[PDB]
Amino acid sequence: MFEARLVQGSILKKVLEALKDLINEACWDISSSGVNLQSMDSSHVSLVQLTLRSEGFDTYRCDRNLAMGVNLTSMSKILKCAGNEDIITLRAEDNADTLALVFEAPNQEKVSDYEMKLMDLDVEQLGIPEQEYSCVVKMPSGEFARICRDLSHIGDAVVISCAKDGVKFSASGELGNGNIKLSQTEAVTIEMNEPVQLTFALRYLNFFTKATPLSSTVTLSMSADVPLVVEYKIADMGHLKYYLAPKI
């Protein structure tokens, strides 16, 4: 069997919260080294990649590698029945027929379990390439989320301009324009060689920031001509990365 006990169960609730708007169904790939999901959003625009490593769980067993096709709407609904304090265990027989979620409240007197039916999915097989980035900005996840919420009241698209000493996000539309200038030092840190300037759909960034509760930092990785990576580290465990192509 597969069995992953997570004492900080809320990590899972939050991971589902951060994917349900983007993806209806995907493979969770289970292996010795942990849990891996890679999928395109349901409109084929961004690509989402999730890593939850073994070590990050309180107990972790995997006897055979599995590819469980999970309906994320369903998993999300079920994770909403877990309390924020609960210990959450994922468990599946190796035939990968159903997935169990078990929620045990800390006062060990209530225990919930849900079994969700798994699907077989034919999934578009994709490989994320080797990529160098001219530019990596690391900033509080809260700020980034507010910038994206704010500019979306102004237009559809944000232009991100990155220099050695600061980053600027701008948009414009019917009502006029806006920008927000952030300076290098919560901490803001820029590592760049080339300066970049790219443009992105605020709609997708707004979905990405559903991940905000997973981490108090977000990292933006950019380079001329290649997708932006918006990464949230799930402390001591892995990351959730979103990939989005610049507009032209």
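Residue numbers here begin at 1 and follow the sequence given. We call the rigid core the largest set of C-alpha positions that still match within 1.5 Å between the two forms.
After superposing on the rigid core, the larger RMS C-alpha deviation in 6 other deposited structures of this protein belongs to 131 to 139, the other candidate being whichever of 131 to 139 and 147 to 155 remains. The stretch that strays farther, by root mean square C-alpha distance over structures and residues in 6 other deposited structures of this protein after a rigid core fit, is 42 to 50, when 42 to 50 is set against 61 to 69.
The stretch of deposited sequence separating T185 from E186 contains 4 to 9 residues lacking coordinates in this entry. When 198 to 206 is weighed against 175 to 183, 175 to 183 comes out higher, by mean CA B-factor as recorded in the entry. When the two stretches 22 to 30 and 189 to 197 are set side by side, the higher mean Cα temperature factor goes to 189 to 197. Highest CA B-factor among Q131, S141, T89, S170, as stated in the entry: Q131. Within the group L118, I147, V159, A100, the record's highest C-alpha temperature factor is found at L118. In the deposited entry, the Cα temperature factor of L72 places it in the middle third of its chain's modelled residues.
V15: CA B factor in the lowest third of modelled residues in this chain (values from the PDB entry).
In this PDB entry, the Cα temperature factor of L6 sits in the middle third of its chain's modelled residues. Ranked within its chain, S152 lands in the middle third, by CA B factor from the PDB record. Split the chain's modelled residues into thirds by C-alpha temperature factor. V230 is in the lowest one.
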